[PDB]
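Read through the structure below, which is laid out as structure tokens, and then see the notes.
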Amino acid sequence: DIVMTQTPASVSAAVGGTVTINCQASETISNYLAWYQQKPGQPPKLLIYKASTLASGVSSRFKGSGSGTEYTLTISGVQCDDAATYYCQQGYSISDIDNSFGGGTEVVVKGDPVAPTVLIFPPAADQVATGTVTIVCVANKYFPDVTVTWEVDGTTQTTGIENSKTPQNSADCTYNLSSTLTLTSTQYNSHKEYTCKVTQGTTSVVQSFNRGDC
Amino acid sequence: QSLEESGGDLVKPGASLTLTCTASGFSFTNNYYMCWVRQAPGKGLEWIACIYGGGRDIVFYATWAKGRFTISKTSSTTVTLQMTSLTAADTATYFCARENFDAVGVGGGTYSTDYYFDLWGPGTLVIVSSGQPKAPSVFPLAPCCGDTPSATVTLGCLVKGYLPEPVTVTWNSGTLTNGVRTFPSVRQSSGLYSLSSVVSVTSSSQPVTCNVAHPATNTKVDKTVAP
Amino acid sequence: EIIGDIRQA
């Protein structure tokens, strides 16, 4: 009911730059505003409370500012270790409210360009007997984002694909990606050539195999 | 000073469940609220409830919570959250968190404000689904046999169709870590989870073994992978 | 000890 709105939902910053995140409150909160950083699989870490007080043992690269209804988080000297989701959290009241946290902001850290290492793994022998076949393509250690495109006997695959991107490496900012094409045994046995294409900007890598040769 | 949630589990829609937060290296006092905050996979933090560490009975619920969830102190070192009428929207990691406050005064009595969380557990996973627990099938990932062997090679394991989360993957019982890349899980149409793990090695003459643990079914699977 | 949330004054 005191509704915290964070903007933007996502934001980019080159390594060494500065990033600002905004927090807006539907009503004044008396500078009772807290900022957290969360990394995947971890509980949130407190950074700032009372709008601008830097918590103990937290990098002074983090600055909390603002007052009244508009607050800010500024990360100076942005680093790969900063790639995370950030949340603001009003501390004025826990009576008659829905959520004290804002929706959170994803911070993506633009580091050194690295081309992905691309690999396609044909389905193990013992998969087809289970009725379903999963082809796994990986793009390892790369930045920035790639797009993946699948082809079966030259026809673009549009269904049965799921992508899983690791969080940014916290030292070098690079991603890992798996793209997996799932088919029925029958679907799989009725096509010859399976192709995974990994495109990073102006560069692509294509990996193929023929079902027969495996 | 730490916290450990427990009680998380895979349950059916409509079921109830009780989660417990256990404090260590401190005990609840009038200085804090003890709180639950949840977070559904891939989504934001969601506050749920607070209960006064002090002696007086003071509880606050998020407006979507009151009526369906109950927070309570069951000792000086344990707070529970009882959940009822669970649905898939309740699938989340559930954190226990200690909450700071300043006691400002007004005309005649003191009130709490300036809330922030300075202590969190690692969470317990609650998974609500009509699907039963399923142990994963594990498949080897290797380059085409009809393809020509290189010096360096990358192998892995596809870990398919488990529920609930999580699984863990190691290589040669944790002795092979360098070049290990394990992707985030992915919930499929079936509502089952799936994930791959690959590792880069040189020696092709040797096999590498992936160790897959799925505690929810008390399964471990070893798969030896040959180039 | 306190008696409630600041918004209950």
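Residues are referred to by chain and number: the chain letter is A, B, ... according to the order shown in the structure tokens, the number counts from 1 in that chain, and ligands are numbered separately from 1 in the order shown.
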Can you pull out the residues contacting residue 31 in chain B? Cut-off 12 Å, using only C-alpha atoms, and skip same-chain residues under 6 positions away; I want them as a ChimeraX atom specification. /B:51-56,98-103,112-113,115 /C:1-2
Same residues, C-alpha atoms, saved as a PDB file, in the first residue's frame:
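selection.pdb, written as the output of this step:
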```
ATOM      1  CA  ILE B  51       6.546 -10.875  14.592  1.00  0.00           C
ATOM      2  CA  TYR B  52       7.959  -8.884  17.488  1.00  0.00           C
ATOM      3  CA  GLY B  53      11.115 -10.272  19.086  1.00  0.00           C
ATOM      4  CA  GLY B  54       9.966  -8.584  22.287  1.00  0.00           C
ATOM      5  CA  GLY B  55       7.525  -9.977  24.821  1.00  0.00           C
ATOM      6  CA  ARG B  56       4.369  -8.263  23.622  1.00  0.00           C
ATOM      7  CA  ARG B  98      15.868 -10.372  11.170  1.00  0.00           C
ATOM      8  CA  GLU B  99      14.442  -6.880  11.073  1.00  0.00           C
ATOM      9  CA  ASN B 100      15.786  -3.709  12.603  1.00  0.00           C
ATOM     10  CA  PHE B 101      13.652  -0.839  13.795  1.00  0.00           C
ATOM     11  CA  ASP B 102      13.939   2.438  15.614  1.00  0.00           C
ATOM     12  CA  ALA B 103      11.458   3.008  18.422  1.00  0.00           C
ATOM     13  CA  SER B 112       8.398   0.912  15.632  1.00  0.00           C
ATOM     14  CA  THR B 113       9.591   2.252  12.290  1.00  0.00           C
ATOM     15  CA  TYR B 115      12.611  -1.268   9.225  1.00  0.00           C
TER      16      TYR B 115
ATOM     17  CA  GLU C   1       9.017  -1.957  24.582  1.00  0.00           C
ATOM     18  CA  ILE C   2       6.914  -0.532  21.731  1.00  0.00           C
TER      19      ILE C   2
END
```
Residue list for chain B near chain A as a list in words, 6 Å, only C-alpha atoms: residues 44, 47, 62, 63, 113, 114, 115, 116, 122, 140, 141, 142, 143, 144, 145, 146, 183 and 184 of chain B
Go ahead and write the residues just picked, N, CA, C and O atoms, as a CSV table (one decimal), in the first residue's frame.
```csv
chain,number,residue,atom,x,y,z
B,44,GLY,N,10.7,-11.2,-7.9
B,44,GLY,CA,11.2,-10.3,-6.9
B,44,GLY,C,11.0,-10.7,-5.5
B,44,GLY,O,10.4,-11.8,-5.3
B,47,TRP,N,7.7,-9.6,0.7
B,47,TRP,CA,7.5,-9.6,2.2
B,47,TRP,C,6.2,-10.3,2.6
B,47,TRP,O,5.2,-10.2,1.9
B,62,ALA,N,1.6,-9.0,5.4
B,62,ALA,CA,1.3,-8.4,4.1
B,62,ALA,C,-0.2,-8.6,3.9
B,62,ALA,O,-0.7,-9.6,4.4
B,63,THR,N,-0.8,-7.8,3.1
B,63,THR,CA,-2.2,-7.8,3.0
B,63,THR,C,-2.7,-9.0,2.2
B,63,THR,O,-3.8,-9.4,2.3
B,113,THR,N,9.5,1.8,13.7
B,113,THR,CA,9.6,2.3,12.3
B,113,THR,C,11.1,2.1,11.9
B,113,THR,O,11.9,1.5,12.6
B,114,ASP,N,11.4,2.6,10.7
B,114,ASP,CA,12.8,2.4,10.2
B,114,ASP,C,13.1,0.9,10.1
B,114,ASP,O,14.1,0.5,10.8
B,115,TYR,N,12.4,0.2,9.4
B,115,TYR,CA,12.6,-1.3,9.2
B,115,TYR,C,13.6,-1.6,8.1
B,115,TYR,O,13.5,-1.1,7.0
B,116,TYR,N,14.6,-2.4,8.5
B,116,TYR,CA,15.5,-3.0,7.4
B,116,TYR,C,16.0,-4.3,7.9
B,116,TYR,O,16.0,-4.6,9.1
B,122,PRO,N,19.5,-18.8,4.4
B,122,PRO,CA,19.7,-19.1,3.0
B,122,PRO,C,18.4,-19.5,2.3
B,122,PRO,O,18.4,-19.7,1.1
B,140,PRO,N,24.6,-38.9,-21.0
B,140,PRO,CA,26.0,-38.4,-21.3
B,140,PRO,C,25.9,-37.4,-22.4
B,140,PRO,O,25.1,-37.5,-23.3
B,141,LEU,N,26.7,-36.3,-22.4
B,141,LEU,CA,26.9,-35.4,-23.5
B,141,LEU,C,28.3,-35.5,-24.0
B,141,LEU,O,29.3,-35.3,-23.3
B,142,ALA,N,28.4,-35.9,-25.3
B,142,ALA,CA,29.7,-36.1,-25.9
B,142,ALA,C,29.6,-35.7,-27.4
B,142,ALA,O,28.5,-35.9,-28.0
B,143,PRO,N,30.7,-35.3,-28.0
B,143,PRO,CA,30.8,-35.0,-29.4
B,143,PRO,C,30.5,-36.2,-30.3
B,143,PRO,O,30.8,-37.3,-29.9
B,144,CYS,N,29.9,-36.0,-31.5
B,144,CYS,CA,29.6,-37.0,-32.4
B,144,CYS,C,30.8,-38.0,-32.5
B,144,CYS,O,32.0,-37.7,-32.7
B,145,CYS,N,30.4,-39.3,-32.5
B,145,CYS,CA,31.4,-40.4,-32.6
B,145,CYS,C,32.0,-40.4,-34.0
B,145,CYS,O,33.2,-40.7,-34.2
B,146,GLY,N,31.2,-40.1,-35.0
B,146,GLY,CA,31.6,-40.0,-36.4
B,146,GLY,C,32.4,-38.7,-36.7
B,146,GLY,O,32.8,-38.4,-37.8
B,183,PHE,N,24.5,-25.2,-15.9
B,183,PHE,CA,23.5,-24.1,-16.3
B,183,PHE,C,22.4,-24.1,-15.3
B,183,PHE,O,22.1,-25.1,-14.6
B,184,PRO,N,21.7,-23.0,-15.2
B,184,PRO,CA,20.5,-22.9,-14.3
B,184,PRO,C,19.4,-23.9,-14.8
B,184,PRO,O,19.4,-24.2,-16.0
```
What residues in chain C have any atom no more than 6 Å from chain B when counting only C-alpha atoms, and can you write them as JSON, numbers by chain? {"C": [2, 3, 4, 5, 6]}
Just to confirm, what's the straight-line distance from CA of residue 214 in chain B to CA of residue 129 in chain B in Å (one decimal)?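 These atoms are spaced 17.4 Å apart.
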Residue neighbourhood range 63-66 of chain A, 8 Å, only C-alpha atoms, exclusion window fewer than 5 positions, as a list in words: residues 31, 35, 48, 51, 52, 53, 54, 71, 72, 73, 74 and 75 of chain A
Write out as a compact mmCIF listing (two decimals) with C-alpha atoms, in the first residue's frame each polymer residue whose atoms come within 10 Å of residue 8 in chain B, counting only C-alpha atoms; drop sequence neighbours fewer than 3 positions from it.
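For reference, selection-v2.txt as written:
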```txt
# COMPACT_ATOMS: atom_id res chain seq x y z
CA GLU B 5 14.87 -22.00 7.57
CA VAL B 11 3.31 -30.36 -1.70
CA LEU B 17 2.87 -26.59 5.28
CA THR B 18 4.79 -25.21 8.15
CA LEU B 19 8.18 -23.61 7.80
CA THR B 20 10.54 -23.01 10.68
CA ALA B 92 9.22 -19.92 -3.84
CA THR B 93 12.29 -19.89 -1.73
CA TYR B 94 11.30 -18.74 1.71
CA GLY B 123 16.10 -20.08 2.58
CA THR B 124 13.99 -23.20 2.30
CA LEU B 125 12.35 -24.28 -0.95
CA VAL B 126 8.59 -24.72 -1.08
CA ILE B 127 7.30 -26.31 -4.28
```
Enter the distance from CA of residue 78 in chain A to CA of residue 18 in chain A, in Å, rounded to one decimal.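 Distance reported for this atom pair: 5.9 Å.
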Extract the full set of strand (DSSP E) residues from range 72-120 of chain B according to DSSP on the backbone, and format it as a PDB file with N, CA and C atoms, in the first residue's frame.
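Output contents, as saved in result01.pdb:
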```pdb
ATOM      1  N   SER B  72       4.451 -17.092  13.955  1.00  0.00           N
ATOM      2  CA  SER B  72       4.416 -17.253  15.415  1.00  0.00           C
ATOM      3  C   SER B  72       5.807 -17.487  15.995  1.00  0.00           C
ATOM      4  N   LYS B  73       6.004 -17.118  17.259  1.00  0.00           N
ATOM      5  CA  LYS B  73       7.231 -17.471  17.967  1.00  0.00           C
ATOM      6  C   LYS B  73       6.962 -18.763  18.723  1.00  0.00           C
ATOM      7  N   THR B  78      13.166 -19.903  17.684  1.00  0.00           N
ATOM      8  CA  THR B  78      12.402 -20.405  16.554  1.00  0.00           C
ATOM      9  C   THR B  78      11.138 -19.583  16.267  1.00  0.00           C
ATOM     10  N   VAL B  79      10.943 -19.243  15.000  1.00  0.00           N
ATOM     11  CA  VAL B  79       9.715 -18.623  14.542  1.00  0.00           C
ATOM     12  C   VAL B  79       9.184 -19.524  13.433  1.00  0.00           C
ATOM     13  N   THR B  80       7.879 -19.760  13.405  1.00  0.00           N
ATOM     14  CA  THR B  80       7.310 -20.567  12.332  1.00  0.00           C
ATOM     15  C   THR B  80       6.410 -19.741  11.431  1.00  0.00           C
ATOM     16  N   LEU B  81       6.227 -20.226  10.212  1.00  0.00           N
ATOM     17  CA  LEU B  81       5.275 -19.642   9.294  1.00  0.00           C
ATOM     18  C   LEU B  81       4.417 -20.795   8.882  1.00  0.00           C
ATOM     19  N   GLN B  82       3.134 -20.753   9.202  1.00  0.00           N
ATOM     20  CA  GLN B  82       2.214 -21.775   8.720  1.00  0.00           C
ATOM     21  C   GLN B  82       1.504 -21.259   7.488  1.00  0.00           C
ATOM     22  N   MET B  83       1.489 -22.076   6.447  1.00  0.00           N
ATOM     23  CA  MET B  83       0.853 -21.703   5.201  1.00  0.00           C
ATOM     24  C   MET B  83      -0.317 -22.632   4.958  1.00  0.00           C
ATOM     25  N   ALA B  92       8.279 -20.984  -4.091  1.00  0.00           N
ATOM     26  CA  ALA B  92       9.221 -19.920  -3.841  1.00  0.00           C
ATOM     27  C   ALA B  92      10.307 -20.434  -2.931  1.00  0.00           C
ATOM     28  N   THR B  93      11.393 -19.695  -2.846  1.00  0.00           N
ATOM     29  CA  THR B  93      12.290 -19.889  -1.733  1.00  0.00           C
ATOM     30  C   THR B  93      11.751 -18.990  -0.636  1.00  0.00           C
ATOM     31  N   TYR B  94      11.771 -19.493   0.583  1.00  0.00           N
ATOM     32  CA  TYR B  94      11.296 -18.739   1.708  1.00  0.00           C
ATOM     33  C   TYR B  94      12.438 -18.381   2.651  1.00  0.00           C
ATOM     34  N   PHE B  95      12.678 -17.086   2.834  1.00  0.00           N
ATOM     35  CA  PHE B  95      13.745 -16.623   3.705  1.00  0.00           C
ATOM     36  C   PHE B  95      13.211 -16.210   5.061  1.00  0.00           C
ATOM     37  N   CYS B  96      14.016 -16.456   6.077  1.00  0.00           N
ATOM     38  CA  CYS B  96      13.766 -15.930   7.389  1.00  0.00           C
ATOM     39  C   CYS B  96      14.734 -14.771   7.496  1.00  0.00           C
ATOM     40  N   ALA B  97      14.287 -13.660   8.069  1.00  0.00           N
ATOM     41  CA  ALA B  97      15.117 -12.470   8.112  1.00  0.00           C
ATOM     42  C   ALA B  97      14.903 -11.694   9.407  1.00  0.00           C
ATOM     43  N   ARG B  98      15.986 -11.198   9.985  1.00  0.00           N
ATOM     44  CA  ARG B  98      15.868 -10.372  11.170  1.00  0.00           C
ATOM     45  C   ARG B  98      15.659  -8.925  10.770  1.00  0.00           C
ATOM     46  N   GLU B  99      14.778  -8.236  11.479  1.00  0.00           N
ATOM     47  CA  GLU B  99      14.442  -6.880  11.073  1.00  0.00           C
ATOM     48  C   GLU B  99      14.744  -5.838  12.127  1.00  0.00           C
ATOM     49  N   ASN B 100      15.497  -4.832  11.730  1.00  0.00           N
ATOM     50  CA  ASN B 100      15.786  -3.709  12.603  1.00  0.00           C
ATOM     51  C   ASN B 100      14.656  -2.697  12.634  1.00  0.00           C
ATOM     52  N   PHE B 101      14.591  -1.940  13.717  1.00  0.00           N
ATOM     53  CA  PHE B 101      13.652  -0.839  13.795  1.00  0.00           C
ATOM     54  C   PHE B 101      14.117   0.168  14.828  1.00  0.00           C
ATOM     55  N   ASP B 102      13.773   1.426  14.599  1.00  0.00           N
ATOM     56  CA  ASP B 102      13.939   2.438  15.614  1.00  0.00           C
ATOM     57  C   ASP B 102      12.612   2.617  16.313  1.00  0.00           C
ATOM     58  N   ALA B 103      12.655   2.713  17.637  1.00  0.00           N
ATOM     59  CA  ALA B 103      11.458   3.008  18.422  1.00  0.00           C
ATOM     60  C   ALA B 103      11.286   4.518  18.582  1.00  0.00           C
ATOM     61  N   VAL B 104      10.564   5.153  17.665  1.00  0.00           N
ATOM     62  CA  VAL B 104      10.247   6.563  17.837  1.00  0.00           C
ATOM     63  C   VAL B 104       9.106   6.667  18.837  1.00  0.00           C
ATOM     64  N   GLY B 105       8.997   7.820  19.484  1.00  0.00           N
ATOM     65  CA  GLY B 105       7.902   8.062  20.401  1.00  0.00           C
ATOM     66  C   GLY B 105       6.870   8.981  19.784  1.00  0.00           C
ATOM     67  N   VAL B 106       5.620   8.795  20.183  1.00  0.00           N
ATOM     68  CA  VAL B 106       4.562   9.753  19.890  1.00  0.00           C
ATOM     69  C   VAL B 106       3.905  10.088  21.240  1.00  0.00           C
ATOM     70  N   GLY B 109       3.045   6.775  23.855  1.00  0.00           N
ATOM     71  CA  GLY B 109       3.584   5.445  23.616  1.00  0.00           C
ATOM     72  C   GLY B 109       4.623   5.433  22.510  1.00  0.00           C
ATOM     73  N   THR B 110       5.486   4.420  22.519  1.00  0.00           N
ATOM     74  CA  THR B 110       6.509   4.286  21.486  1.00  0.00           C
ATOM     75  C   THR B 110       6.047   3.380  20.341  1.00  0.00           C
ATOM     76  N   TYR B 111       6.498   3.694  19.133  1.00  0.00           N
ATOM     77  CA  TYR B 111       6.143   2.917  17.954  1.00  0.00           C
ATOM     78  C   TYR B 111       7.384   2.508  17.170  1.00  0.00           C
ATOM     79  N   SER B 112       7.292   1.385  16.458  1.00  0.00           N
ATOM     80  CA  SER B 112       8.398   0.912  15.632  1.00  0.00           C
ATOM     81  C   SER B 112       8.298   1.497  14.239  1.00  0.00           C
ATOM     82  N   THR B 113       9.459   1.836  13.682  1.00  0.00           N
ATOM     83  CA  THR B 113       9.591   2.252  12.290  1.00  0.00           C
ATOM     84  C   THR B 113      11.060   2.092  11.871  1.00  0.00           C
ATOM     85  N   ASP B 114      11.421   2.610  10.699  1.00  0.00           N
ATOM     86  CA  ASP B 114      12.767   2.409  10.155  1.00  0.00           C
ATOM     87  C   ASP B 114      13.144   0.927  10.141  1.00  0.00           C
ATOM     88  N   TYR B 115      12.370   0.153   9.394  1.00  0.00           N
ATOM     89  CA  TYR B 115      12.611  -1.268   9.225  1.00  0.00           C
ATOM     90  C   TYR B 115      13.625  -1.551   8.125  1.00  0.00           C
ATOM     91  N   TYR B 116      14.616  -2.365   8.461  1.00  0.00           N
ATOM     92  CA  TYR B 116      15.468  -2.953   7.450  1.00  0.00           C
ATOM     93  C   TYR B 116      15.954  -4.312   7.943  1.00  0.00           C
ATOM     94  N   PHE B 117      16.299  -5.187   7.010  1.00  0.00           N
ATOM     95  CA  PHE B 117      16.709  -6.541   7.341  1.00  0.00           C
ATOM     96  C   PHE B 117      18.222  -6.628   7.378  1.00  0.00           C
ATOM     97  N   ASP B 118      18.777  -7.029   8.515  1.00  0.00           N
ATOM     98  CA  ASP B 118      20.226  -7.112   8.610  1.00  0.00           C
ATOM     99  C   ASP B 118      20.761  -8.557   8.686  1.00  0.00           C
ATOM    100  N   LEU B 119      19.864  -9.532   8.586  1.00  0.00           N
ATOM    101  CA  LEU B 119      20.231 -10.931   8.757  1.00  0.00           C
ATOM    102  C   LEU B 119      19.246 -11.830   8.022  1.00  0.00           C
ATOM    103  N   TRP B 120      19.768 -12.741   7.217  1.00  0.00           N
ATOM    104  CA  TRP B 120      18.914 -13.623   6.431  1.00  0.00           C
ATOM    105  C   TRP B 120      19.398 -15.070   6.493  1.00  0.00           C
TER     106      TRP B 120
END
```
So what do you get for CA of residue 153 in chain A versus CA of residue 197 in chain A, distance-wise?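 Spanning CA of residue 153 in chain A to CA of residue 197 in chain A is a straight-line distance of 13.3 Å.
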Using only C-alpha atoms, pick whichever of A:132, A:37, A:207, A:23 has the shortest atom-to-atom distance to residue 147 in chain B. A:207
Nearest to residue 188 in chain A: which of A:206, A:148, A:173, A:129 is it, counting only C-alpha atoms?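 When distances to residue 188 in chain A are compared using only C-alpha atoms, the smallest one comes from A:129.
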